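Q: One file is attached below, run07.pdb, containing PDB, C-alpha atoms.
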MODEL        1
ATOM      1  CA  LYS A   1      91.866  98.959 162.492  1.00  0.00           C
ATOM      2  CA  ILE A   2      92.596 102.707 162.209  1.00  0.00           C
ATOM      3  CA  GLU A   3      95.877 103.841 160.609  1.00  0.00           C
ATOM      4  CA  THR A   4      96.974 107.468 160.510  1.00  0.00           C
ATOM      5  CA  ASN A   5      99.894 109.867 160.033  1.00  0.00           C
ATOM      6  CA  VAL A   6     101.337 111.704 163.027  1.00  0.00           C
ATOM      7  CA  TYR A   7     103.193 114.846 161.861  1.00  0.00           C
ATOM      8  CA  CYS A   8     106.198 115.740 163.894  1.00  0.00           C
ATOM      9  CA  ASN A   9     108.197 118.916 163.518  1.00  0.00           C
ATOM     10  CA  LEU A  10     111.970 118.622 163.560  1.00  0.00           C
ATOM     11  CA  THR A  11     113.794 120.341 166.409  1.00  0.00           C
ATOM     12  CA  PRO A  12     116.028 123.316 165.449  1.00  0.00           C
ATOM     13  CA  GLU A  13     119.096 121.076 165.831  1.00  0.00           C
ATOM     14  CA  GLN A  14     117.512 118.466 163.492  1.00  0.00           C
ATOM     15  CA  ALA A  15     116.478 121.064 160.917  1.00  0.00           C
ATOM     16  CA  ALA A  16     119.984 122.470 160.828  1.00  0.00           C
ATOM     17  CA  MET A  17     121.579 119.035 160.302  1.00  0.00           C
ATOM     18  CA  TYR A  18     118.978 118.106 157.697  1.00  0.00           C
ATOM     19  CA  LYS A  19     119.663 121.298 155.766  1.00  0.00           C
ATOM     20  CA  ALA A  20     123.438 120.964 155.832  1.00  0.00           C
ATOM     21  CA  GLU A  21     123.354 117.437 154.421  1.00  0.00           C
ATOM     22  CA  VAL A  22     120.941 118.481 151.686  1.00  0.00           C
ATOM     23  CA  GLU A  23     123.297 121.338 150.788  1.00  0.00           C
ATOM     24  CA  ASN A  24     126.287 119.011 150.853  1.00  0.00           C
ATOM     25  CA  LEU A  25     124.546 116.629 148.427  1.00  0.00           C
ATOM     26  CA  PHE A  26     123.706 119.385 145.932  1.00  0.00           C
ATOM     27  CA  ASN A  27     127.166 120.941 146.236  1.00  0.00           C
ATOM     28  CA  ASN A  28     128.822 117.743 144.869  1.00  0.00           C
ATOM     29  CA  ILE A  29     126.149 115.824 142.946  1.00  0.00           C
ATOM     30  CA  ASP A  30     126.932 117.520 139.612  1.00  0.00           C
ATOM     31  CA  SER A  31     130.504 116.219 139.567  1.00  0.00           C
ATOM     32  CA  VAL A  32     129.549 112.525 139.506  1.00  0.00           C
ATOM     33  CA  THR A  33     127.312 110.494 137.260  1.00  0.00           C
ATOM     34  CA  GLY A  34     126.061 106.957 136.940  1.00  0.00           C
ATOM     35  CA  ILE A  35     127.250 104.601 139.651  1.00  0.00           C
ATOM     36  CA  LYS A  36     128.985 107.242 141.755  1.00  0.00           C
ATOM     37  CA  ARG A  37     125.848 109.448 141.563  1.00  0.00           C
ATOM     38  CA  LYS A  38     123.645 106.584 142.726  1.00  0.00           C
ATOM     39  CA  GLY A  39     125.890 105.940 145.703  1.00  0.00           C
ATOM     40  CA  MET A  40     126.111 109.627 146.584  1.00  0.00           C
ATOM     41  CA  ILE A  41     122.356 109.954 146.688  1.00  0.00           C
ATOM     42  CA  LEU A  42     122.154 106.719 148.731  1.00  0.00           C
ATOM     43  CA  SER A  43     124.488 108.034 151.401  1.00  0.00           C
ATOM     44  CA  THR A  44     122.593 111.304 151.676  1.00  0.00           C
ATOM     45  CA  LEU A  45     119.237 109.472 151.938  1.00  0.00           C
ATOM     46  CA  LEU A  46     120.650 107.384 154.752  1.00  0.00           C
ATOM     47  CA  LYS A  47     121.884 110.346 156.754  1.00  0.00           C
ATOM     48  CA  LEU A  48     118.620 112.269 156.313  1.00  0.00           C
ATOM     49  CA  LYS A  49     116.580 109.256 157.484  1.00  0.00           C
ATOM     50  CA  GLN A  50     118.752 109.050 160.537  1.00  0.00           C
ATOM     51  CA  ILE A  51     118.609 112.787 161.260  1.00  0.00           C
ATOM     52  CA  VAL A  52     114.807 112.858 161.249  1.00  0.00           C
ATOM     53  CA  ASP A  53     114.780 109.999 163.775  1.00  0.00           C
ATOM     54  CA  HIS A  54     117.369 111.297 166.254  1.00  0.00           C
ATOM     55  CA  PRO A  55     120.479 113.466 165.994  1.00  0.00           C
ATOM     56  CA  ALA A  56     122.428 111.059 168.256  1.00  0.00           C
ATOM     57  CA  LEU A  57     122.543 108.364 165.517  1.00  0.00           C
ATOM     58  CA  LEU A  58     125.058 110.665 163.728  1.00  0.00           C
ATOM     59  CA  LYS A  59     126.450 112.987 166.421  1.00  0.00           C
ATOM     60  CA  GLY A  60     126.190 110.798 169.464  1.00  0.00           C
ATOM     61  CA  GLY A  61     125.622 112.745 172.624  1.00  0.00           C
ATOM     62  CA  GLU A  62     122.627 112.794 174.913  1.00  0.00           C
ATOM     63  CA  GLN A  63     119.922 110.205 173.868  1.00  0.00           C
ATOM     64  CA  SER A  64     117.115 112.364 175.089  1.00  0.00           C
ATOM     65  CA  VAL A  65     113.494 112.868 174.088  1.00  0.00           C
ATOM     66  CA  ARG A  66     114.196 116.578 173.729  1.00  0.00           C
ATOM     67  CA  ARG A  67     116.515 116.227 170.737  1.00  0.00           C
ATOM     68  CA  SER A  68     113.907 114.476 168.591  1.00  0.00           C
ATOM     69  CA  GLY A  69     110.562 115.793 167.271  1.00  0.00           C
ATOM     70  CA  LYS A  70     109.519 112.108 166.830  1.00  0.00           C
ATOM     71  CA  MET A  71     110.640 110.998 170.291  1.00  0.00           C
ATOM     72  CA  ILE A  72     108.729 113.950 171.733  1.00  0.00           C
ATOM     73  CA  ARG A  73     105.514 112.854 170.031  1.00  0.00           C
ATOM     74  CA  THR A  74     106.202 109.219 170.900  1.00  0.00           C
ATOM     75  CA  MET A  75     106.194 109.847 174.667  1.00  0.00           C
ATOM     76  CA  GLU A  76     102.905 111.777 174.168  1.00  0.00           C
ATOM     77  CA  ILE A  77     101.375 108.818 172.377  1.00  0.00           C
ATOM     78  CA  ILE A  78     102.713 106.438 174.965  1.00  0.00           C
ATOM     79  CA  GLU A  79     101.187 108.479 177.825  1.00  0.00           C
ATOM     80  CA  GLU A  80      97.766 108.400 176.229  1.00  0.00           C
ATOM     81  CA  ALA A  81      98.087 104.694 175.382  1.00  0.00           C
ATOM     82  CA  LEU A  82      99.234 103.357 178.759  1.00  0.00           C
ATOM     83  CA  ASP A  83      96.279 105.110 180.328  1.00  0.00           C
ATOM     84  CA  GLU A  84      94.001 103.116 178.005  1.00  0.00           C
ATOM     85  CA  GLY A  85      95.925 100.037 179.130  1.00  0.00           C
ATOM     86  CA  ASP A  86      97.437  99.496 175.636  1.00  0.00           C
ATOM     87  CA  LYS A  87     100.275  97.079 174.854  1.00  0.00           C
ATOM     88  CA  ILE A  88     102.535  99.088 172.509  1.00  0.00           C
ATOM     89  CA  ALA A  89     104.814  97.895 169.661  1.00  0.00           C
ATOM     90  CA  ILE A  90     107.292 100.364 168.109  1.00  0.00           C
ATOM     91  CA  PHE A  91     109.060  99.573 164.785  1.00  0.00           C
ATOM     92  CA  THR A  92     112.120 101.233 163.265  1.00  0.00           C
ATOM     93  CA  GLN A  93     114.433 100.325 160.348  1.00  0.00           C
ATOM     94  CA  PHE A  94     117.560 101.118 162.413  1.00  0.00           C
ATOM     95  CA  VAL A  95     118.939  98.863 165.138  1.00  0.00           C
ATOM     96  CA  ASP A  96     120.483 101.957 166.750  1.00  0.00           C
ATOM     97  CA  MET A  97     117.236 103.886 166.861  1.00  0.00           C
ATOM     98  CA  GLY A  98     115.650 100.776 168.382  1.00  0.00           C
ATOM     99  CA  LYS A  99     118.168 100.858 171.258  1.00  0.00           C
ATOM    100  CA  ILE A 100     117.663 104.586 171.860  1.00  0.00           C
ATOM    101  CA  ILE A 101     113.883 104.127 171.999  1.00  0.00           C
ATOM    102  CA  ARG A 102     114.247 101.132 174.292  1.00  0.00           C
ATOM    103  CA  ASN A 103     116.672 103.066 176.610  1.00  0.00           C
ATOM    104  CA  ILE A 104     114.484 106.125 176.830  1.00  0.00           C
ATOM    105  CA  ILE A 105     111.351 104.151 177.628  1.00  0.00           C
ATOM    106  CA  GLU A 106     113.008 101.915 180.227  1.00  0.00           C
ATOM    107  CA  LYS A 107     114.565 104.909 181.934  1.00  0.00           C
ATOM    108  CA  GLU A 108     111.564 107.255 181.925  1.00  0.00           C
ATOM    109  CA  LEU A 109     108.936 104.632 182.732  1.00  0.00           C
ATOM    110  CA  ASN A 110     110.925 102.086 184.713  1.00  0.00           C
ATOM    111  CA  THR A 111     109.463  99.136 182.991  1.00  0.00           C
ATOM    112  CA  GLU A 112     110.962  96.310 180.965  1.00  0.00           C
ATOM    113  CA  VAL A 113     111.163  96.974 177.189  1.00  0.00           C
ATOM    114  CA  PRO A 114     112.016  93.822 175.212  1.00  0.00           C
ATOM    115  CA  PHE A 115     113.973  94.593 172.041  1.00  0.00           C
ATOM    116  CA  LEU A 116     113.706  92.464 168.835  1.00  0.00           C
ATOM    117  CA  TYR A 117     116.469  92.740 166.182  1.00  0.00           C
ATOM    118  CA  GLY A 118     117.879  90.456 163.477  1.00  0.00           C
ATOM    119  CA  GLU A 119     121.043  89.267 165.283  1.00  0.00           C
ATOM    120  CA  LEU A 120     119.096  87.751 168.171  1.00  0.00           C
ATOM    121  CA  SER A 121     119.304  83.954 168.375  1.00  0.00           C
ATOM    122  CA  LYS A 122     116.020  82.131 167.629  1.00  0.00           C
ATOM    123  CA  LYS A 123     115.425  81.395 171.286  1.00  0.00           C
ATOM    124  CA  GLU A 124     116.108  84.889 172.473  1.00  0.00           C
ATOM    125  CA  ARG A 125     113.649  85.954 169.796  1.00  0.00           C
ATOM    126  CA  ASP A 126     110.905  83.410 170.361  1.00  0.00           C
ATOM    127  CA  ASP A 127     111.203  83.974 174.096  1.00  0.00           C
ATOM    128  CA  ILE A 128     110.803  87.710 173.695  1.00  0.00           C
ATOM    129  CA  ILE A 129     107.819  87.288 171.350  1.00  0.00           C
ATOM    130  CA  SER A 130     106.170  84.861 173.730  1.00  0.00           C
ATOM    131  CA  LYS A 131     106.789  87.248 176.579  1.00  0.00           C
ATOM    132  CA  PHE A 132     105.099  90.155 174.787  1.00  0.00           C
ATOM    133  CA  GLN A 133     102.256  88.070 173.404  1.00  0.00           C
ATOM    134  CA  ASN A 134     101.314  86.309 176.638  1.00  0.00           C
ATOM    135  CA  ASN A 135     102.055  88.580 179.546  1.00  0.00           C
ATOM    136  CA  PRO A 136      99.615  91.621 179.730  1.00  0.00           C
ATOM    137  CA  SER A 137     102.000  93.236 182.162  1.00  0.00           C
ATOM    138  CA  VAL A 138     104.702  93.649 179.446  1.00  0.00           C
ATOM    139  CA  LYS A 139     103.503  96.862 177.951  1.00  0.00           C
ATOM    140  CA  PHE A 140     106.156  97.438 175.264  1.00  0.00           C
ATOM    141  CA  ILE A 141     108.241  95.823 172.573  1.00  0.00           C
ATOM    142  CA  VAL A 142     110.694  97.554 170.221  1.00  0.00           C
ATOM    143  CA  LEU A 143     111.540  96.018 166.852  1.00  0.00           C
ATOM    144  CA  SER A 144     114.202  97.042 164.437  1.00  0.00           C
ATOM    145  CA  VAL A 145     113.625  95.547 161.002  1.00  0.00           C
ATOM    146  CA  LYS A 146     116.646  96.182 158.760  1.00  0.00           C
ATOM    147  CA  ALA A 147     116.356  96.418 154.974  1.00  0.00           C
ATOM    148  CA  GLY A 148     116.024  92.850 153.748  1.00  0.00           C
ATOM    149  CA  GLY A 149     114.515  91.857 157.085  1.00  0.00           C
ATOM    150  CA  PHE A 150     110.869  91.042 157.626  1.00  0.00           C
ATOM    151  CA  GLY A 151     108.140  92.316 159.893  1.00  0.00           C
ATOM    152  CA  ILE A 152     106.111  90.306 162.403  1.00  0.00           C
ATOM    153  CA  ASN A 153     102.435  90.340 163.372  1.00  0.00           C
ATOM    154  CA  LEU A 154     102.224  90.750 167.152  1.00  0.00           C
ATOM    155  CA  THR A 155      98.486  90.241 167.756  1.00  0.00           C
ATOM    156  CA  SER A 156      98.663  91.223 171.403  1.00  0.00           C
ATOM    157  CA  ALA A 157      99.657  94.798 170.539  1.00  0.00           C
ATOM    158  CA  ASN A 158      96.777  97.301 170.862  1.00  0.00           C
ATOM    159  CA  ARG A 159      98.881 100.191 169.629  1.00  0.00           C
ATOM    160  CA  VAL A 160     101.542 100.237 166.934  1.00  0.00           C
ATOM    161  CA  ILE A 161     103.926 103.133 166.284  1.00  0.00           C
ATOM    162  CA  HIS A 162     105.839 103.039 162.979  1.00  0.00           C
ATOM    163  CA  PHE A 163     108.754 105.289 163.982  1.00  0.00           C
ATOM    164  CA  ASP A 164     110.101 105.540 160.437  1.00  0.00           C
ATOM    165  CA  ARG A 165     109.324 104.033 157.031  1.00  0.00           C
ATOM    166  CA  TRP A 166     110.770 100.528 157.526  1.00  0.00           C
ATOM    167  CA  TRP A 167     108.103  98.665 155.593  1.00  0.00           C
ATOM    168  CA  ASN A 168     107.815  97.354 152.107  1.00  0.00           C
ATOM    169  CA  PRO A 169     106.032  99.931 149.842  1.00  0.00           C
ATOM    170  CA  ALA A 170     104.433  97.242 147.657  1.00  0.00           C
ATOM    171  CA  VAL A 171     102.570  95.654 150.555  1.00  0.00           C
ATOM    172  CA  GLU A 172     102.077  98.499 153.083  1.00  0.00           C
ATOM    173  CA  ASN A 173      90.932  97.578 167.066  1.00  0.00           C
ATOM    174  CA  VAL A 174      94.694  98.054 166.812  1.00  0.00           C
ATOM    175  CA  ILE A 175      95.449 101.792 166.745  1.00  0.00           C
ATOM    176  CA  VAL A 176      98.229 102.482 164.169  1.00  0.00           C
ATOM    177  CA  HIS A 177     100.471 105.584 164.103  1.00  0.00           C
ATOM    178  CA  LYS A 178     102.918 106.558 161.340  1.00  0.00           C
ATOM    179  CA  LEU A 179     105.398 109.180 162.412  1.00  0.00           C
ATOM    180  CA  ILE A 180     106.234 111.659 159.615  1.00  0.00           C
ATOM    181  CA  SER A 181     108.780 114.476 159.753  1.00  0.00           C
ATOM    182  CA  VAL A 182     107.116 117.736 158.667  1.00  0.00           C
ATOM    183  CA  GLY A 183     108.581 119.201 155.515  1.00  0.00           C
ATOM    184  CA  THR A 184     111.096 116.419 154.861  1.00  0.00           C
ATOM    185  CA  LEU A 185     111.531 113.591 152.431  1.00  0.00           C
ATOM    186  CA  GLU A 186     109.352 111.530 154.775  1.00  0.00           C
ATOM    187  CA  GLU A 187     106.421 113.840 154.074  1.00  0.00           C
ATOM    188  CA  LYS A 188     107.160 114.012 150.304  1.00  0.00           C
ATOM    189  CA  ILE A 189     107.423 110.315 149.798  1.00  0.00           C
ATOM    190  CA  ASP A 190     104.260 109.687 151.792  1.00  0.00           C
ATOM    191  CA  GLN A 191     102.368 112.293 149.790  1.00  0.00           C
ATOM    192  CA  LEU A 192     103.609 110.883 146.474  1.00  0.00           C
ATOM    193  CA  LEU A 193     102.449 107.298 147.158  1.00  0.00           C
ATOM    194  CA  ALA A 194      99.064 108.341 148.506  1.00  0.00           C
ATOM    195  CA  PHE A 195      98.421 110.574 145.489  1.00  0.00           C
ATOM    196  CA  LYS A 196      98.500 108.136 142.539  1.00  0.00           C
ATOM    197  CA  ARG A 197      99.777 104.738 143.650  1.00  0.00           C
ATOM    198  CA  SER A 198      98.910 103.632 140.115  1.00  0.00           C
ATOM    199  CA  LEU A 199     101.906 105.510 138.626  1.00  0.00           C
ATOM    200  CA  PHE A 200     104.325 103.831 141.064  1.00  0.00           C
ATOM    201  CA  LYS A 201     102.658 100.375 141.000  1.00  0.00           C
ATOM    202  CA  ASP A 202     105.548  99.125 138.856  1.00  0.00           C
ATOM    203  CA  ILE A 203     108.508 100.794 140.427  1.00  0.00           C
ATOM    204  CA  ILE A 204     107.137 100.472 144.021  1.00  0.00           C
ATOM    205  CA  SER A 205     108.775  97.118 144.750  1.00  0.00           C
ATOM    206  CA  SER A 206     112.387  97.965 144.144  1.00  0.00           C
ATOM    207  CA  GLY A 207     112.603 100.428 147.043  1.00  0.00           C
ATOM    208  CA  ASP A 208     114.456 103.767 146.980  1.00  0.00           C
ATOM    209  CA  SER A 209     115.796 102.751 143.589  1.00  0.00           C
ATOM    210  CA  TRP A 210     113.425 105.139 141.790  1.00  0.00           C
ATOM    211  CA  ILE A 211     114.778 107.972 143.963  1.00  0.00           C
ATOM    212  CA  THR A 212     118.424 107.417 142.974  1.00  0.00           C
ATOM    213  CA  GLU A 213     117.406 107.816 139.339  1.00  0.00           C
ATOM    214  CA  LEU A 214     115.473 111.118 139.561  1.00  0.00           C
ATOM    215  CA  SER A 215     116.814 114.201 137.799  1.00  0.00           C
ATOM    216  CA  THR A 216     118.640 116.594 140.128  1.00  0.00           C
ATOM    217  CA  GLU A 217     115.605 118.907 140.059  1.00  0.00           C
ATOM    218  CA  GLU A 218     113.132 116.138 140.834  1.00  0.00           C
ATOM    219  CA  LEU A 219     115.436 114.951 143.616  1.00  0.00           C
ATOM    220  CA  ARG A 220     115.528 118.414 145.223  1.00  0.00           C
ATOM    221  CA  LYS A 221     111.701 118.435 145.312  1.00  0.00           C
ATOM    222  CA  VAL A 222     111.770 115.181 147.237  1.00  0.00           C
ATOM    223  CA  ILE A 223     114.478 115.898 149.824  1.00  0.00           C
ATOM    224  CA  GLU A 224     114.975 119.625 150.359  1.00  0.00           C
ATOM    225  CA  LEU A 225     113.535 120.935 153.631  1.00  0.00           C
ATOM    226  CA  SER A 226     110.297 122.837 152.927  1.00  0.00           C
ATOM    227  CA  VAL A 227     109.801 124.342 156.395  1.00  0.00           C
ATOM    228  CA  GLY A 228     108.894 127.986 156.864  1.00  0.00           C
ATOM    229  CA  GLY A 229     111.973 129.985 157.738  1.00  0.00           C
ATOM    230  CA  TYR A 230     114.204 127.814 155.553  1.00  0.00           C
TER
ENDMDL
END
As a first step, turn the structure in this file into structure tokens.

A:
Amino acid sequence: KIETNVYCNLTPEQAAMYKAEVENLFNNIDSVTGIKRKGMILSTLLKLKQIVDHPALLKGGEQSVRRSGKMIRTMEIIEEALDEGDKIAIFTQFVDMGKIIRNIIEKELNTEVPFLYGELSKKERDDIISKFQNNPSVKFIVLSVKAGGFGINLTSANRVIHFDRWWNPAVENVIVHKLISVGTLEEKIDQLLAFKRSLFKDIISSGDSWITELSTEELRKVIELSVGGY
């Protein structure tokens, strides 16, 4: 297996939203402490993760490829993969992003895109898994794994796109792609783990927890947009 990062630049719209939210967090973070500080950071982290996926998760509007640096690279990967005859699985931590991805693909490629999410009944789920695993025609499957949810190992997939960081840090041929938003917390967090996993080996399990406890300066290093021009 070959796993690798795919760097995707945010669109101007995305960069502007990302920046505003980062400025909003730092404008009010000094007022609170303790519990209220933890929750304030948590809300910002959530919005930023959604913004780097697709502006429509927060502003609604057109669910187009064009509005998302990641969606734009995803259709490029898809084009190359279908030509190789790949069966493609795309994972995201947000049920809403999963639907957007599924809608875009069905519309642009006119093919059926089964969608796995937690609320599905067992049968709907098993049936969808069986359909992707046994029918070579079915070229796609979208999976949204919420926090506290678990992944799945779809052996029939030849290509896997991890749309955002949905997976468990502690754990972590099929061609694997990890989408990463250039100059954002997605890039920072990835860089930090890959540098000295030894330092984090303790804290790594408990998720974003370590992030909500960083000093305000350390936090700014992690989330502020570090794109030229900004």

Q: Care to translate the PyMOL selection byres ((chain A and resi 171) around 12) into actual residues of this file, as a PDB file with C-alpha atoms, in the frame of the given file?

A:
ATOM      1  CA  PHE A 150     110.869  91.042 157.626  1.00  0.00           C
ATOM      2  CA  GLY A 151     108.140  92.316 159.893  1.00  0.00           C
ATOM      3  CA  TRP A 166     110.770 100.528 157.526  1.00  0.00           C
ATOM      4  CA  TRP A 167     108.103  98.665 155.593  1.00  0.00           C
ATOM      5  CA  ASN A 168     107.815  97.354 152.107  1.00  0.00           C
ATOM      6  CA  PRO A 169     106.032  99.931 149.842  1.00  0.00           C
ATOM      7  CA  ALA A 170     104.433  97.242 147.657  1.00  0.00           C
ATOM      8  CA  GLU A 172     102.077  98.499 153.083  1.00  0.00           C
ATOM      9  CA  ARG A 197      99.777 104.738 143.650  1.00  0.00           C
ATOM     10  CA  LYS A 201     102.658 100.375 141.000  1.00  0.00           C
ATOM     11  CA  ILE A 204     107.137 100.472 144.021  1.00  0.00           C
ATOM     12  CA  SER A 205     108.775  97.118 144.750  1.00  0.00           C
ATOM     13  CA  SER A 206     112.387  97.965 144.144  1.00  0.00           C
ATOM     14  CA  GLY A 207     112.603 100.428 147.043  1.00  0.00           C
TER      15      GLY A 207
END

Q: Which residues, named as in the file, does the PyMOL selection byres ((chain A and resi 45) around 10) pick out? Answer as a short mmCIF file (atom, residue, chain, number, x, y, z; two decimals) with C-alpha atoms, in the coordinates of the input.

A:
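File produced: selection_23.cif:
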data_model
loop_
_atom_site.label_atom_id
_atom_site.label_comp_id
_atom_site.auth_asym_id
_atom_site.auth_seq_id
_atom_site.Cartn_x
_atom_site.Cartn_y
_atom_site.Cartn_z
CA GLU A 21 123.35 117.44 154.42
CA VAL A 22 120.94 118.48 151.69
CA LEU A 25 124.55 116.63 148.43
CA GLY A 39 125.89 105.94 145.70
CA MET A 40 126.11 109.63 146.58
CA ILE A 41 122.36 109.95 146.69
CA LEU A 42 122.15 106.72 148.73
CA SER A 43 124.49 108.03 151.40
CA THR A 44 122.59 111.30 151.68
CA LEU A 46 120.65 107.38 154.75
CA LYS A 47 121.88 110.35 156.75
CA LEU A 48 118.62 112.27 156.31
CA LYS A 49 116.58 109.26 157.48
CA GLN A 50 118.75 109.05 160.54
CA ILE A 51 118.61 112.79 161.26
CA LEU A 185 111.53 113.59 152.43
CA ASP A 208 114.46 103.77 146.98
CA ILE A 211 114.78 107.97 143.96
CA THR A 212 118.42 107.42 142.97
CA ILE A 223 114.48 115.90 149.82
#

Q: With distances taken over all atoms listed in the file, which of A:35, A:160, A:10, A:15 is nearest to residue 213 (chain A)?

A: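 Counting all atoms listed in the file, the residue closest to residue 213 (chain A) is A:35.
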
Q: Pick from A:78, A:58, A:143, A:199: nearest to residue 158 (chain A), with all atoms listed in the file counted?

A: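 Checking each of A:78, A:58, A:143, A:199 against residue 158 (chain A), counting all atoms listed in the file, the winner is A:78.
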
Q: Do you know which residues the PyMOL selection byres ((chain A and resi 1) around 8) returns on this file, as a list in words?

A: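 For this structure, the PyMOL selection byres ((chain A and resi 1) around 8) resolves to residues 2, 3, 173, 174, 175 and 176 of chain A.
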
Q: I'd like a table as a tab-separated table: residues in region 113-165 of chain A with an atom no more than 6 Å from region 82-98 of chain A, each row giving the shortest atom pair and its distance in Å to one decimal, all atoms listed in the file counted, sorted by chain and rising residue number.

A:
residue	atom	partner	partner_atom	distance
A:139	CA	A:87	CA	4.5
A:140	CA	A:88	CA	4.8
A:141	CA	A:89	CA	5.0
A:142	CA	A:90	CA	4.9
A:143	CA	A:91	CA	4.8
A:144	CA	A:92	CA	4.8
A:145	CA	A:93	CA	4.9
A:146	CA	A:93	CA	5.0
A:157	CA	A:87	CA	4.9
A:158	CA	A:86	CA	5.3
A:159	CA	A:88	CA	4.8
A:160	CA	A:89	CA	4.9
A:161	CA	A:90	CA	4.7
A:162	CA	A:91	CA	5.1
A:163	CA	A:92	CA	5.3
A:164	CA	A:92	CA	5.5

Q: Report the distance between CA of residue 28 (chain A) and CA of residue 230 (chain A) in Å, rounded to one decimal place.

A: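 Value for the CA of residue 28 (chain A)-CA of residue 230 (chain A) distance: 20.7 Å.
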
Q: Find, counting all atoms listed in the file, the residue in A:36, A:123, A:70, A:165 that gets nearest to residue 186 (chain A).

A: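 Counting all atoms listed in the file, the residue closest to residue 186 (chain A) is A:165.
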
Q: Taking all atoms listed in the file into account, which of A:217, A:153, A:101, A:134 comes nearest residue 74 (chain A)?

A: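 Smallest distance to residue 74 (chain A) is found for A:101.
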
Q: Please indicate the distance in Å from CA of residue 202 (chain A) to CA of residue 37 (chain A), rounded to one decimal place.

A: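 It comes out at 22.9 Å.
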
Q: Identify which of the residues A:229, A:148, A:138, A:80 lies closest to residue 106 (chain A), counting all atoms listed in the file when measuring atom-to-atom distances.

A: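 With all atoms listed in the file as the atom set, the closest residue is A:138.
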
Q: Have a look at CA of residue 227 (chain A) and CA of residue 77 (chain A) and let me know their distance in Å, one decimal.

A: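 Computing the Euclidean distance for CA of residue 227 (chain A) and CA of residue 77 (chain A) yields 23.8 Å.
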
Q: Considering only C-alpha atoms, state which residue in the set A:216, A:102, A:118, A:209 is at the smallest distance from residue 31 (chain A).

A: A:216
